[PDB]
>>> print(open('model_37.cif').read())   # mmCIF, C-alpha atoms
data_upload
loop_
_atom_site.group_PDB
_atom_site.id
_atom_site.type_symbol
_atom_site.label_atom_id
_atom_site.label_comp_id
_atom_site.auth_asym_id
_atom_site.auth_seq_id
_atom_site.Cartn_x
_atom_site.Cartn_y
_atom_site.Cartn_z
ATOM 1 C CA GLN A 1 112.323 111.751 88.010
ATOM 2 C CA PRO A 2 108.993 110.927 89.664
ATOM 3 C CA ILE A 3 108.844 108.682 92.717
ATOM 4 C CA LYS A 4 106.380 105.841 92.087
ATOM 5 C CA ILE A 5 104.292 104.224 94.842
ATOM 6 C CA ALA A 6 101.785 101.396 94.406
ATOM 7 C CA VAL A 7 99.075 100.349 96.841
ATOM 8 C CA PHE A 8 98.159 96.672 96.631
ATOM 9 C CA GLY A 9 94.726 96.126 98.243
ATOM 10 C CA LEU A 10 92.471 99.165 98.706
ATOM 11 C CA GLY A 11 90.538 98.352 101.892
ATOM 12 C CA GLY A 12 90.584 100.640 104.925
ATOM 13 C CA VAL A 13 94.369 100.687 105.317
ATOM 14 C CA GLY A 14 95.474 100.746 101.646
ATOM 15 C CA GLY A 15 92.611 102.997 100.630
ATOM 16 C CA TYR A 16 93.257 105.537 103.320
ATOM 17 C CA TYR A 17 97.072 105.727 102.835
ATOM 18 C CA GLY A 18 96.682 105.445 99.065
ATOM 19 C CA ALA A 19 94.173 108.317 99.131
ATOM 20 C CA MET A 20 96.479 110.598 101.168
ATOM 21 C CA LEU A 21 99.375 109.820 98.830
ATOM 22 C CA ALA A 22 97.228 110.480 95.720
ATOM 23 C CA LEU A 23 96.168 113.887 97.121
ATOM 24 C CA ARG A 24 99.776 114.876 97.460
ATOM 25 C CA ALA A 25 100.626 113.527 93.996
ATOM 26 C CA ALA A 26 97.873 115.680 92.511
ATOM 27 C CA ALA A 27 99.018 118.822 94.361
ATOM 28 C CA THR A 28 102.514 118.380 93.049
ATOM 29 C CA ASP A 29 103.692 118.583 89.437
ATOM 30 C CA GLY A 30 104.591 114.982 88.567
ATOM 31 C CA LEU A 31 107.007 114.509 91.470
ATOM 32 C CA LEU A 32 104.900 111.605 92.607
ATOM 33 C CA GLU A 33 102.936 108.883 90.794
ATOM 34 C CA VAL A 34 100.452 106.880 92.896
ATOM 35 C CA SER A 35 98.861 103.664 91.609
ATOM 36 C CA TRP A 36 96.215 101.467 93.186
ATOM 37 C CA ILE A 37 95.440 97.834 92.711
ATOM 38 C CA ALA A 38 91.771 97.233 93.432
ATOM 39 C CA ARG A 39 89.235 94.868 91.967
ATOM 40 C CA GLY A 40 85.637 94.168 91.061
ATOM 41 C CA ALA A 41 82.915 96.595 92.196
ATOM 42 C CA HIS A 42 85.378 98.540 94.275
ATOM 43 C CA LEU A 43 87.570 99.019 91.162
ATOM 44 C CA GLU A 44 84.497 99.837 89.037
ATOM 45 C CA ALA A 45 83.060 102.428 91.487
ATOM 46 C CA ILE A 46 86.488 104.139 91.769
ATOM 47 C CA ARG A 47 86.753 104.408 87.956
ATOM 48 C CA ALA A 48 83.209 105.798 87.680
ATOM 49 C CA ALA A 49 83.738 108.408 90.427
ATOM 50 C CA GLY A 50 87.193 109.145 89.011
ATOM 51 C CA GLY A 51 88.619 108.480 92.481
ATOM 52 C CA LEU A 52 88.422 106.896 95.903
ATOM 53 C CA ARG A 53 86.166 108.573 98.464
ATOM 54 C CA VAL A 54 87.207 108.881 102.141
ATOM 55 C CA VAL A 55 84.884 109.994 104.970
ATOM 56 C CA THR A 56 85.995 110.589 108.548
ATOM 57 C CA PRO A 57 84.433 112.499 111.388
ATOM 58 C CA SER A 58 85.910 115.791 110.082
ATOM 59 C CA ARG A 59 86.728 115.073 106.421
ATOM 60 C CA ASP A 60 84.974 114.032 103.211
ATOM 61 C CA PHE A 61 87.211 113.875 100.169
ATOM 62 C CA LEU A 62 87.777 112.309 96.744
ATOM 63 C CA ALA A 63 91.393 111.279 95.982
ATOM 64 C CA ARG A 64 92.328 110.735 92.342
ATOM 65 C CA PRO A 65 95.158 108.322 91.614
ATOM 66 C CA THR A 66 97.651 108.395 88.714
ATOM 67 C CA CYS A 67 96.512 104.911 87.910
ATOM 68 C CA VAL A 68 93.978 102.436 89.261
ATOM 69 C CA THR A 69 93.609 98.910 87.915
ATOM 70 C CA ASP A 70 93.174 95.203 88.869
ATOM 71 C CA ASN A 71 96.363 94.375 86.922
ATOM 72 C CA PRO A 72 99.848 95.080 88.433
ATOM 73 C CA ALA A 73 101.574 94.546 85.102
ATOM 74 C CA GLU A 74 99.781 97.669 83.831
ATOM 75 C CA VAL A 75 101.446 99.615 86.662
ATOM 76 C CA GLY A 76 105.057 98.394 85.932
ATOM 77 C CA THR A 77 107.947 98.682 88.349
ATOM 78 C CA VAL A 78 107.687 101.231 91.210
ATOM 79 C CA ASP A 79 109.784 102.556 94.104
ATOM 80 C CA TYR A 80 107.457 101.465 96.990
ATOM 81 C CA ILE A 81 104.784 98.879 97.221
ATOM 82 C CA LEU A 82 102.416 99.225 100.192
ATOM 83 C CA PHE A 83 101.103 95.686 100.578
ATOM 84 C CA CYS A 84 97.625 95.958 102.113
ATOM 85 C CA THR A 85 95.637 92.880 101.125
ATOM 86 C CA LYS A 86 94.446 90.200 103.543
ATOM 87 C CA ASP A 87 93.135 88.183 100.600
ATOM 88 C CA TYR A 88 96.104 86.092 99.347
ATOM 89 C CA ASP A 89 98.384 83.452 100.879
ATOM 90 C CA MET A 90 101.942 84.825 100.807
ATOM 91 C CA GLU A 91 103.022 82.711 97.799
ATOM 92 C CA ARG A 92 100.209 84.139 95.703
ATOM 93 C CA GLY A 93 100.585 87.736 96.952
ATOM 94 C CA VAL A 94 104.293 87.732 95.977
ATOM 95 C CA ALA A 95 103.508 86.239 92.492
ATOM 96 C CA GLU A 96 100.865 88.972 91.853
ATOM 97 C CA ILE A 97 103.000 91.934 92.823
ATOM 98 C CA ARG A 98 106.178 90.733 90.975
ATOM 99 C CA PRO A 99 105.392 92.801 87.832
ATOM 100 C CA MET A 100 105.776 95.856 90.055
ATOM 101 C CA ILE A 101 109.116 94.886 91.548
ATOM 102 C CA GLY A 102 112.177 96.335 89.916
ATOM 103 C CA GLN A 103 115.709 97.305 91.052
ATOM 104 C CA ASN A 104 114.838 99.955 93.569
ATOM 105 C CA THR A 105 111.577 98.505 94.863
ATOM 106 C CA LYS A 106 110.845 98.344 98.590
ATOM 107 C CA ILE A 107 107.789 96.530 99.860
ATOM 108 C CA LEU A 108 105.952 97.491 103.050
ATOM 109 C CA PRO A 109 103.449 94.984 104.407
ATOM 110 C CA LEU A 110 101.063 96.923 106.643
ATOM 111 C CA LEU A 111 99.018 93.826 107.678
ATOM 112 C CA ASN A 112 98.614 92.429 111.200
ATOM 113 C CA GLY A 113 100.684 89.391 112.131
ATOM 114 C CA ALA A 114 103.917 88.601 113.946
ATOM 115 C CA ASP A 115 106.094 87.777 110.982
ATOM 116 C CA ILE A 116 104.609 89.042 107.705
ATOM 117 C CA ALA A 117 107.944 90.592 106.602
ATOM 118 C CA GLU A 118 109.850 87.391 107.354
ATOM 119 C CA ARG A 119 107.303 85.403 105.350
ATOM 120 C CA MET A 120 107.495 87.772 102.373
ATOM 121 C CA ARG A 121 111.306 87.679 102.547
ATOM 122 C CA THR A 122 111.202 83.958 101.692
ATOM 123 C CA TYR A 123 111.396 84.582 97.955
ATOM 124 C CA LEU A 124 112.537 88.232 97.843
ATOM 125 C CA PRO A 125 115.911 89.863 98.895
ATOM 126 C CA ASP A 126 115.956 90.985 102.610
ATOM 127 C CA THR A 127 116.794 94.358 101.354
ATOM 128 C CA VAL A 128 113.506 94.559 99.325
ATOM 129 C CA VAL A 129 111.033 93.864 102.151
ATOM 130 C CA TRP A 130 110.707 96.347 105.023
ATOM 131 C CA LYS A 131 108.516 95.948 108.146
ATOM 132 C CA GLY A 132 105.544 98.129 108.954
ATOM 133 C CA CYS A 133 102.454 98.464 111.082
ATOM 134 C CA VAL A 134 99.561 100.959 111.289
ATOM 135 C CA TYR A 135 97.161 102.080 114.021
ATOM 136 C CA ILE A 136 94.049 103.230 112.228
ATOM 137 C CA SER A 137 90.311 102.556 112.435
ATOM 138 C CA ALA A 138 89.408 102.370 108.767
ATOM 139 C CA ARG A 139 87.026 100.196 106.769
ATOM 140 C CA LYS A 140 86.105 99.852 103.101
ATOM 141 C CA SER A 141 82.406 100.470 103.745
ATOM 142 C CA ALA A 142 81.004 100.548 100.158
ATOM 143 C CA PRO A 143 82.314 100.104 96.623
ATOM 144 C CA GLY A 144 84.647 103.099 96.214
ATOM 145 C CA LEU A 145 84.338 104.307 99.816
ATOM 146 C CA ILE A 146 86.575 104.250 102.863
ATOM 147 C CA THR A 147 85.212 105.249 106.245
ATOM 148 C CA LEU A 148 87.355 106.141 109.247
ATOM 149 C CA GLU A 149 85.637 106.026 112.490
ATOM 150 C CA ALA A 150 88.294 108.320 113.945
ATOM 151 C CA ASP A 151 90.712 110.758 112.324
ATOM 152 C CA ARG A 152 93.764 109.530 114.322
ATOM 153 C CA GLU A 153 96.321 107.279 112.592
ATOM 154 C CA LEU A 154 99.933 106.094 113.106
ATOM 155 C CA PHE A 155 102.146 104.541 110.399
ATOM 156 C CA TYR A 156 105.437 102.959 111.510
ATOM 157 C CA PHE A 157 107.959 101.394 109.161
ATOM 158 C CA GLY A 158 111.607 100.505 108.744
ATOM 159 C CA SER A 159 114.348 98.258 107.328
ATOM 160 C CA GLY A 160 115.470 96.973 110.738
ATOM 161 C CA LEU A 161 119.069 98.014 109.901
ATOM 162 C CA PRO A 162 121.130 100.050 112.436
ATOM 163 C CA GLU A 163 121.254 103.215 110.281
ATOM 164 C CA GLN A 164 118.332 104.513 108.216
ATOM 165 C CA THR A 165 118.852 104.136 104.434
ATOM 166 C CA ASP A 166 118.341 106.734 101.692
ATOM 167 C CA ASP A 167 115.228 104.926 100.400
ATOM 168 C CA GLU A 168 113.906 104.963 104.032
ATOM 169 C CA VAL A 169 114.523 108.655 104.726
ATOM 170 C CA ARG A 170 113.039 109.289 101.303
ATOM 171 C CA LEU A 171 109.883 107.356 102.183
ATOM 172 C CA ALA A 172 109.589 108.984 105.630
ATOM 173 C CA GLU A 173 109.791 112.567 104.238
ATOM 174 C CA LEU A 174 107.432 111.621 101.500
ATOM 175 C CA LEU A 175 104.849 110.045 103.863
ATOM 176 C CA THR A 176 104.912 113.029 106.217
ATOM 177 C CA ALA A 177 104.668 115.525 103.270
ATOM 178 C CA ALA A 178 101.435 113.673 102.440
ATOM 179 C CA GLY A 179 100.209 114.436 105.945
ATOM 180 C CA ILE A 180 100.534 110.877 107.245
ATOM 181 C CA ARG A 181 101.843 110.470 110.764
ATOM 182 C CA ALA A 182 104.821 108.376 109.685
ATOM 183 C CA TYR A 183 107.581 107.299 111.994
ATOM 184 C CA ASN A 184 110.645 105.367 110.952
ATOM 185 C CA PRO A 185 112.080 103.884 114.080
ATOM 186 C CA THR A 186 115.249 101.882 114.194
ATOM 187 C CA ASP A 187 113.661 99.335 116.554
ATOM 188 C CA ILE A 188 110.864 98.619 114.108
ATOM 189 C CA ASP A 189 110.656 94.993 115.412
ATOM 190 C CA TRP A 190 109.500 96.350 118.770
ATOM 191 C CA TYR A 191 106.534 98.284 117.274
ATOM 192 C CA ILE A 192 105.623 95.178 115.315
ATOM 193 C CA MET A 193 105.628 92.738 118.281
ATOM 194 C CA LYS A 194 103.973 95.396 120.435
ATOM 195 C CA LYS A 195 101.084 95.734 117.939
ATOM 196 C CA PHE A 196 100.748 91.945 117.495
ATOM 197 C CA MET A 197 100.761 91.086 121.232
ATOM 198 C CA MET A 198 97.945 93.601 121.930
ATOM 199 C CA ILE A 199 95.721 92.370 119.112
ATOM 200 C CA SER A 200 96.623 88.730 119.755
ATOM 201 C CA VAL A 201 95.588 88.931 123.449
ATOM 202 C CA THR A 202 92.547 91.155 122.706
ATOM 203 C CA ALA A 203 91.318 89.089 119.746
ATOM 204 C CA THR A 204 91.726 85.722 121.478
ATOM 205 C CA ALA A 205 90.289 86.911 124.849
ATOM 206 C CA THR A 206 87.163 88.644 123.413
ATOM 207 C CA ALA A 207 86.666 85.685 121.032
ATOM 208 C CA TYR A 208 86.836 82.972 123.691
ATOM 209 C CA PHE A 209 84.907 84.947 126.346
ATOM 210 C CA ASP A 210 82.354 86.303 123.798
ATOM 211 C CA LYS A 211 82.625 89.643 125.631
ATOM 212 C CA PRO A 212 83.950 93.194 125.103
ATOM 213 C CA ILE A 213 87.437 93.990 126.503
ATOM 214 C CA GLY A 214 86.249 96.343 129.284
ATOM 215 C CA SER A 215 84.100 93.486 130.571
ATOM 216 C CA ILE A 216 87.145 91.219 130.272
ATOM 217 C CA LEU A 217 89.163 93.659 132.420
ATOM 218 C CA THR A 218 86.699 93.609 135.300
ATOM 219 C CA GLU A 219 85.737 89.929 135.382
ATOM 220 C CA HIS A 220 88.631 88.098 133.715
ATOM 221 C CA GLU A 221 91.766 89.996 134.746
ATOM 222 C CA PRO A 222 93.708 86.905 135.883
ATOM 223 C CA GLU A 223 93.051 85.256 132.513
ATOM 224 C CA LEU A 224 93.842 88.464 130.640
ATOM 225 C CA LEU A 225 97.150 88.751 132.517
ATOM 226 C CA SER A 226 97.898 85.090 131.855
ATOM 227 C CA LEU A 227 97.608 85.869 128.102
ATOM 228 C CA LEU A 228 99.819 88.957 128.435
ATOM 229 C CA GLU A 229 102.551 86.994 130.276
ATOM 230 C CA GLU A 230 102.354 84.104 127.809
ATOM 231 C CA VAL A 231 102.701 86.148 124.579
ATOM 232 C CA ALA A 232 105.433 88.162 126.349
ATOM 233 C CA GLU A 233 107.262 84.972 127.389
ATOM 234 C CA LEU A 234 106.945 83.684 123.785
ATOM 235 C CA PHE A 235 108.544 86.790 122.329
ATOM 236 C CA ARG A 236 111.097 86.992 125.153
ATOM 237 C CA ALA A 237 112.172 83.541 123.933
ATOM 238 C CA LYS A 238 112.448 83.994 120.135
ATOM 239 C CA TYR A 239 113.616 87.603 119.681
ATOM 240 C CA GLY A 240 116.072 87.044 122.555
ATOM 241 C CA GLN A 241 115.414 90.343 124.362
ATOM 242 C CA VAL A 242 111.850 91.762 124.516
ATOM 243 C CA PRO A 243 111.520 94.723 127.018
ATOM 244 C CA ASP A 244 109.942 94.725 130.522
ATOM 245 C CA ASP A 245 107.052 96.533 132.136
ATOM 246 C CA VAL A 246 105.980 95.150 128.738
ATOM 247 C CA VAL A 247 103.132 93.004 130.172
ATOM 248 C CA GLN A 248 102.268 96.098 132.248
ATOM 249 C CA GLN A 249 102.655 98.513 129.298
ATOM 250 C CA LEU A 250 100.298 96.301 127.264
ATOM 251 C CA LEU A 251 97.969 95.832 130.265
ATOM 252 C CA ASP A 252 97.243 99.527 130.892
ATOM 253 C CA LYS A 253 96.480 100.304 127.211
ATOM 254 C CA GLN A 254 93.632 97.729 127.418
ATOM 255 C CA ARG A 255 92.034 99.795 130.251
ATOM 256 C CA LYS A 256 91.709 102.970 128.090
ATOM 257 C CA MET A 257 90.415 101.088 125.006
ATOM 258 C CA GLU A 258 92.603 83.370 112.972
ATOM 259 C CA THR A 259 96.336 83.376 113.637
ATOM 260 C CA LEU A 260 96.375 86.025 116.267
ATOM 261 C CA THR A 261 96.007 82.741 118.212
ATOM 262 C CA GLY A 262 97.292 79.778 116.151
ATOM 263 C CA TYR A 263 100.658 81.423 115.505
ATOM 264 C CA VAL A 264 101.331 81.866 119.247
ATOM 265 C CA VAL A 265 100.534 78.214 120.140
ATOM 266 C CA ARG A 266 102.813 76.889 117.417
ATOM 267 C CA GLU A 267 105.709 79.280 117.958
ATOM 268 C CA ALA A 268 105.863 78.210 121.668
ATOM 269 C CA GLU A 269 105.818 74.531 120.549
ATOM 270 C CA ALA A 270 109.061 75.387 118.732
ATOM 271 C CA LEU A 271 110.752 77.533 121.405
ATOM 272 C CA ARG A 272 109.711 74.826 123.937
ATOM 273 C CA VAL A 273 107.512 77.207 125.994
ATOM 274 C CA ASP A 274 104.355 76.079 127.809
ATOM 275 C CA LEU A 275 101.439 78.464 127.232
ATOM 276 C CA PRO A 276 98.408 76.836 128.903
ATOM 277 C CA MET A 277 95.960 79.785 128.609
ATOM 278 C CA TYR A 278 96.560 80.304 124.879
ATOM 279 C CA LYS A 279 96.313 76.520 124.329
ATOM 280 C CA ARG A 280 93.041 76.233 126.294
ATOM 281 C CA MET A 281 91.728 79.257 124.335
ATOM 282 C CA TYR A 282 92.849 78.167 120.821
ATOM 283 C CA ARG A 283 91.904 74.485 121.010
ATOM 284 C CA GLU A 284 88.571 74.929 122.826
ATOM 285 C CA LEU A 285 87.056 77.394 120.344
ATOM 286 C CA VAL A 286 88.587 75.988 117.182
ATOM 287 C CA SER A 287 85.671 73.778 118.281
#
>>> encode(input="model_37.cif", output="C-alpha cells")
Amino acid sequence: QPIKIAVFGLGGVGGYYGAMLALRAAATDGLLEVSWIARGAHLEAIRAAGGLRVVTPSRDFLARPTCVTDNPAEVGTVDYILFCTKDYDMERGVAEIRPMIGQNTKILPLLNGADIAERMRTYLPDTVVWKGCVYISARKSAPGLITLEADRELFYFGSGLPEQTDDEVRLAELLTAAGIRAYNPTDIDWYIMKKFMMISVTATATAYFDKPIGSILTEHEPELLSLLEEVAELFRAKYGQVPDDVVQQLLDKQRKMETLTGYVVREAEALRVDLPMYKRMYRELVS
C-alpha cells in the first residue's frame, strides 16, 4: 500500500522538501503519494505549470505532486504531515490539518521556535506529533517558484522516545531515498534547542544593533556572549540538563557565518532566571 505524505505550507521549506518527495514519488510506481497544500497565486501557478519549480545554484527542476490543493479535506488522511506554514496560530493550524489526520498519522513541524511540538501536542496525542528542524536557505521567490541560495540542507526529526519507532525508521529511509539529508537522532530535543538558541541570539542581536553578525562579533562580543550565556542558562533551567561548551559551540559557529526574543524573556520569568541583556533588547526595540 502506498505511503502518503502531505506538505502543509509550500514556502521555501515545504516547497523544497515537498518537491524532493514528489520527484521520488514520480520515479516510483505508486509506492509514494505526495500532496501539497498551497494557496492563491502560488497554488494557481503550480497548477498551470503542472508542478512546483525549484532553482538552486546547480539545479533547476519541476516537481509534480500526486495532488496539490488549498483544501486538506480533498487530500484525506495520510501517514506524515510536514507542517511548514508560519501563517496560522497553532489553534487554527491544527483545525485546518485535522482532515488529514487519521490513525497512523505523524506530524512534523519544521518551523523555528523553541516549543512548536509541545504547542501542537496540546490537542493531539503525544504520539502523533514529532519534533523536527531544518537547516536550509530556501525562499518562495515567485508564484510557483522556490529558490535556494545554496544547495546544502539538513533535516533532523524524531519522536524523542529512547528507541526509534517503525514509523520513524520508515520516514528516515524514505526521506533519504528522496535524496534529503535526513537524520533521526534520539536526542532530537538537543538539535531543536541548538537551532533555536542560534537564531534567537542572532535574530535579536542583529535586530537591536541594526548590524550584520560579523560586525556584531568584532564590536559587540561582550553583548553577544551575554546573549549566549542567557539563552543557555534559560535552557539549562527548564530542560534540566543542557550540554556545556554549548555557549562556546554556539559562539564559534557565529564566526564562520518576533518570538525568537519574547519567548526567552517570558520563559525566564517562569523559571525565575534573570536575563538582563535579553530584557534590555526585547523591551527597548518593541519600542
>>> closest_atom_pairs(input="model_37.cif", of="range 181-249 of chain A", to="range 136-159 of chain A", cutoff="10 Å", atoms="only C-alpha atoms", output="JSON lines")
{"residue": "A:181", "atom": "CA", "partner": "A:154", "partner_atom": "CA", "distance": 5.3}
{"residue": "A:182", "atom": "CA", "partner": "A:155", "partner_atom": "CA", "distance": 4.7}
{"residue": "A:183", "atom": "CA", "partner": "A:156", "partner_atom": "CA", "distance": 4.9}
{"residue": "A:184", "atom": "CA", "partner": "A:157", "partner_atom": "CA", "distance": 5.1}
{"residue": "A:185", "atom": "CA", "partner": "A:158", "partner_atom": "CA", "distance": 6.3}
{"residue": "A:186", "atom": "CA", "partner": "A:158", "partner_atom": "CA", "distance": 6.7}
{"residue": "A:187", "atom": "CA", "partner": "A:158", "partner_atom": "CA", "distance": 8.2}
{"residue": "A:188", "atom": "CA", "partner": "A:158", "partner_atom": "CA", "distance": 5.7}
{"residue": "A:189", "atom": "CA", "partner": "A:158", "partner_atom": "CA", "distance": 8.7}
{"residue": "A:191", "atom": "CA", "partner": "A:156", "partner_atom": "CA", "distance": 7.5}
{"residue": "A:192", "atom": "CA", "partner": "A:156", "partner_atom": "CA", "distance": 8.7}
>>> resolve_selection(input="model_37.cif", expression="the PyMOL selection byres ((chain A and resi 231) around 9)", output="list in words")
residues 197, 200, 201, 226, 227, 228, 229, 230, 232, 233, 234, 235, 236, 247, 264, 275 and 278 of chain A
>>> resolve_selection(input="model_37.cif", expression="the PyMOL selection byres ((chain A and resi 165-178) around 6)", output="list in words")
residues 20, 21, 24, 164, 179, 180 and 182 of chain A
>>> residues_near_point(input="model_37.cif", point="(96.9, 100.9, 104.2)", cutoff="10 Å", atoms="only C-alpha atoms", output="NGL selection string")
:A and (7-19 or 82-85 or 108-111 or 133-136 or 138 or 155)
>>> residues_around(input="model_37.cif", residues="range 207-219 of chain A", least_positions_apart="3", cutoff="7 Å", atoms="all atoms listed in the file", output="list in words")
residues 202, 203, 204, 255, 281 and 285 of chain A
>>> atom_distance(input="model_37.cif", atom1="CA of residue 225 in chain A", atom2="CA of residue 132 in chain A")
26.7 Å
>>> atom_distance(input="model_37.cif", atom1="CA of residue 76 in chain A", atom2="CA of residue 123 in chain A")
19.4 Å
>>> atom_distance(input="model_37.cif", atom1="CA of residue 95 in chain A", atom2="CA of residue 5 in chain A")
18.2 Å
>>> resolve_selection(input="model_37.cif", expression="the PyMOL selection byres ((chain A and resi 102) around 10)", output="list in words")
residues 76, 77, 78, 79, 80, 98, 99, 100, 101, 103, 104, 105, 106 and 128 of chain A
>>> closest_residue(input="model_37.cif", among="A:72, A:199, A:115, A:280", to="residue 257 in chain A", atoms="all atoms listed in the file")
A:199
>>> axis_aligned_box(input="model_37.cif", around="range 246-258 of chain A", padding_each_side="8 Å", output="JSON")
{"center_x": 98.2, "center_y": 93.2, "center_z": 122.6, "size_x": 31.6, "size_y": 35.6, "size_z": 35.3}
>>> closest_residue(input="model_37.cif", among="A:119, A:39, A:272, A:220", to="residue 87 in chain A", atoms="all atoms listed in the file")
A:39
